[PDB]
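> Here is my input; please provide its structure:
(2 chains, ligands or ions: 3)
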Protein chains: 2
Amino acid sequence: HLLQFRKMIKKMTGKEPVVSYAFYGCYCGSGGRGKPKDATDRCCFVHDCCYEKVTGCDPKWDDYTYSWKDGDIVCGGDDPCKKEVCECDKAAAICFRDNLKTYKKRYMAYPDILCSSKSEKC
Amino acid sequence: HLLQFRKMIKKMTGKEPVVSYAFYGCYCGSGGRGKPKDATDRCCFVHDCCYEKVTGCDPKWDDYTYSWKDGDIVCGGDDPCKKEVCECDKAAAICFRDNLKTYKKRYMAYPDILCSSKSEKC
Ligand SMILES: O=P(O)(O)OC[C@H](O)CO
Ligand SMILES: [Ca+2]
Ligand SMILES: [Ca+2]
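Numbers count the residues shown, from 1 in each chain, chains lettered A, B, ... in the order given. Ligands and ions are numbered 1, 2, ... in the order given. Pasting the structure now:
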């Protein structure tokens, strides 16, 4: 569920994701088009590609089972599909953390009309 | 160029293109994800697919050559890339016109977050 994802991002970055990530670049939030603007945006691009490989559950709205151990996310439960969604979310949160060093406030609300017309393929 | 597309939409539909189509459904305007919401939205999905296919010119920002003949759009010029973009735009404007019967106000400002997680393939 996207609000579980939010909690992962917030813990790993210390930022409010509704403000800092939900409108970032060409791929964060929305659906997305064009070329990722930077490494943070590429996290969202990959996250979008990850969700695309998922079939049989709703990655935005289905709750999955997760927990924390020493600051690491543990994806659990007895439902393989939902666990796959959890792993996508975990990977993106880790990516945001690992790329926080290049986060740019000028991309926080990047106008989607400025994204390139040719999208990068997964 | 998108301004030319806008003129085509206005002339084909009688609707103010920005108000009426720029935020419609899941695919009209910048990017898009999920399943098209209705026929009008599918026009935009087709238009997006059309733009993604063009290579060698910028479908959003390059002007193309066109004219009106007896009220019909005629795409012209000697640049095949730009003519391809013009044909994308003409086809979409005609599609909007042809689907006015099912155009719905309920989709005119449809929140992207409410689009399906699984996007339709081109
Ligand atoms: O919905 P948030 O607030 O977790 O942010 C959106 C993500 O960055 C993209 O799914
Ligand atoms: Ca996205
Ligand atoms: Ca679109």
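> Need the three-state assignment for the residue in chain A sticking out farthest from the centre.
In chain A, the residue that sits farthest from the middle, by C-alpha atoms, centre = their mean, is residue A:78; the gap is 23.0 Å. Under DSSP: H, G, I helix; E, B strand; the rest coil, residue A:78 falls in the coil class.
> now the helices for chain A?
Counting by DSSP state H, chain A has helices at residues A:2-13, A:17-20, A:39-53, A:80-98.
> Just the buried residues of the third one, please?
Residues A:39-48, A:50-52 are the ones in helix A:39-53 that count as buried (16 or more other C-beta atoms under 10 Å in any protein chain shown). From N, CA and C alone the C-beta is placed, and that goes for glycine too.
> Next, find the distance separating the residue farthest from the centre of chain A from residue B:65.
61 Å (C-beta to C-beta, to the nearest Å).
> And residue A:40, by the same measure?
40 Å.
> so who does residue A:90 touch?
By C-beta atoms under 8 Å, 6 or more residues apart in numbering or on different chains, residue A:90 lies in contact with A:8, A:66, A:73, A:75.
> The closest residue in space to the last one that isn't next to it in sequence - how many residues pack around it?
For residue A:75, ignoring the flanking residues on the chain, the nearest one in space by C-beta to C-beta, 6 or more residues apart in numbering or on different chains is residue A:86 at 3.7 Å. The number of residues packed around residue A:86, counting by other C-beta atoms under 10 Å in any protein chain shown, is 26.
> shouldn't residue A:86 be in contact with residue A:67?
No: taking C-beta atoms under 8 Å as the definition, residue A:86 is not a contact partner of residue A:67, at 10.3 Å.
> list the residues that contact both of the two?
Common neighbours of residue A:86 and residue A:67 (C-beta under 8 Å, 6+ apart) are A:73, A:76.
> ok, residue A:11 touching residue A:68?
Yes: Residue A:11 lies in contact with residue A:68 (C-beta under 8 Å); the separation is 7.5 Å.
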